[PDB]
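Only one chain is shown below, in structure tokens, and it's the form solved without the named molecule.
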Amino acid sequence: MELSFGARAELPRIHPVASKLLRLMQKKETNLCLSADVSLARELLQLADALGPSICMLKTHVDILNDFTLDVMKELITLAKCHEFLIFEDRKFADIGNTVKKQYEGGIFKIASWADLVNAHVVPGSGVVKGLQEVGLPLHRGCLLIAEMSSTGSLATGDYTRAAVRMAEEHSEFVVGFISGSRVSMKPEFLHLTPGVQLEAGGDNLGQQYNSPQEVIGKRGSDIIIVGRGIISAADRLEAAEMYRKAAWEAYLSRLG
């Protein structure tokens, strides 16, 4: 039997970051993660402020921000705390353990100092998670494993996807769920976040493929939709985010019965 997000937030084995996320999703009636793929700090902060009430999470690509500074991230955290959403840096860590630990803690971005969540590819084997958790666990962070991808020709299928699920289950002190196109784990403590989402059918011309909120939340069992251009390219971004939120939320309600 399917548990509500609010019930899942209280599960004995729930990770604290997942619990915080699930509580705010239930409170705000949102399972929408905004992909804020912008090149200017001022745009990132403007979108975070305007759309924060509608989202459970803001997904960043800090390596595309032309004017990144750590002060920009302090301010983004202020917005996150005010509007109540988590920050997910879509770094897709994919190196050996010794390297990802430095990529996560250090350099100019100091990602672990501000991202509630990050993600990682499972291709290197479990050392990728072991390296990240050395940094993440003291800093009370979580990680999502990339179990499937939305893009055409993705090799994250079959036994690869199964390997991701097993890695997550063996590292549940740090891994809180998955980037996937559908539910891949039956354990309710794991979150499923699904990119490649738009209301209408289609793709882009660099291999992105889209499915609808109803398909991915309702039929495929995922928890959260990740939406970028579907919102950002709209004339009215506030209305667009509300359309996506209401779509994802009602799809969740229906599955829950």
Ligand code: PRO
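One rule holds for the numbers: they count along the sequence shown, beginning at 1. Just so we're on the same page, rigid core means the largest C-alpha set that superposes within 1.5 Å between forms.
Enquirer: Using RMS Cα distance over all structures and residues, flag whichever of 147-155 and 96-104 lies farther from this form in 5 other deposited structures of this protein after a core fit.
Expert: When 147-155 and 96-104 are compared in 5 other deposited structures of this protein, the bigger C-alpha shift is seen for 96-104.
Enquirer: With respect to the recorded C-alpha B factors, which stretch has the higher mean value, 117-125 or 78-86?
Expert: Higher mean C-alpha B-factor: 78-86.
Enquirer: Compare the mean C-alpha B-factor of 134-142 with that of 87-95 as given in the PDB entry, and name the stretch with the higher value.
Expert: The stretch with the larger average C-alpha B-factor is 134-142.
Enquirer: Looking at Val197, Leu32, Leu47, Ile231, which has the biggest Cα B factor in the entry?
Expert: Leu47 has the highest C-alpha B-factor of those listed.
Enquirer: Thinking about Cα B factors across the chain, which third does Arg183 belong to?
Expert: It belongs to the highest third of the chain when residues are ordered by C-alpha B-factor.
Enquirer: Based on the deposited C-alpha B factors for this chain, I'd like to know if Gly107 is in the lowest, middle or highest third.
Expert: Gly107: CA B-factor falls in the middle third of its chain.
Enquirer: By its CA B factor, does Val100 count among the lowest, middle or highest third of the modelled residues in the chain?
Expert: Within its chain, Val100 is a lowest-third residue by C-alpha B-factor, going by the deposited values.
Enquirer: Sorting the chain's modelled residues by C-alpha B-factor, tell me whether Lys59 ends up in the lowest, middle or highest third.
Expert: Within its chain, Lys59 is a lowest-third residue by C-alpha B-factor, going by the deposited values.
Enquirer: Taking only the Cα B-factors deposited for this chain, tell me whether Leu155 sits in the lowest, middle or highest third.
Expert: Its C-alpha B-factor belongs to the middle third of this chain's values.
Missing here is the form solved in complex with the named molecule; even so, the following discussion is about that form.
Enquirer: Once the named molecule is overlaid from its position in the entry with it bound by fitting the nearby C-alphas, are 3 or more of its atoms within 2.4 Å of backbone or C-beta here, so blocked, or is the site open?
Expert: Result: blocked.
Enquirer: Can you pick the stretch from 127-135, 182-190, 70-78, 160-168 whose heavy atoms fall within 4.5 Å of the named molecule in the entry with it bound?
Expert: Of the options given, it is 127-135.
Enquirer: With heavy atoms only and a cut-off of 4.5 Å, decide whether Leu139 touches the named molecule in the entry with it bound.
Expert: Yes.
Enquirer: Could you confirm whether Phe85 comes within 4.5 Å of the named molecule in the entry with it bound, counting heavy atoms only?
Expert: So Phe85 does not count as contacting the named molecule.
Enquirer: Using a 4.5 Å cut-off on any heavy atom, which residues of 166-197 would contact the named molecule in the entry with it bound?
Expert: Residue within 4.5 Å: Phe174, and no other.
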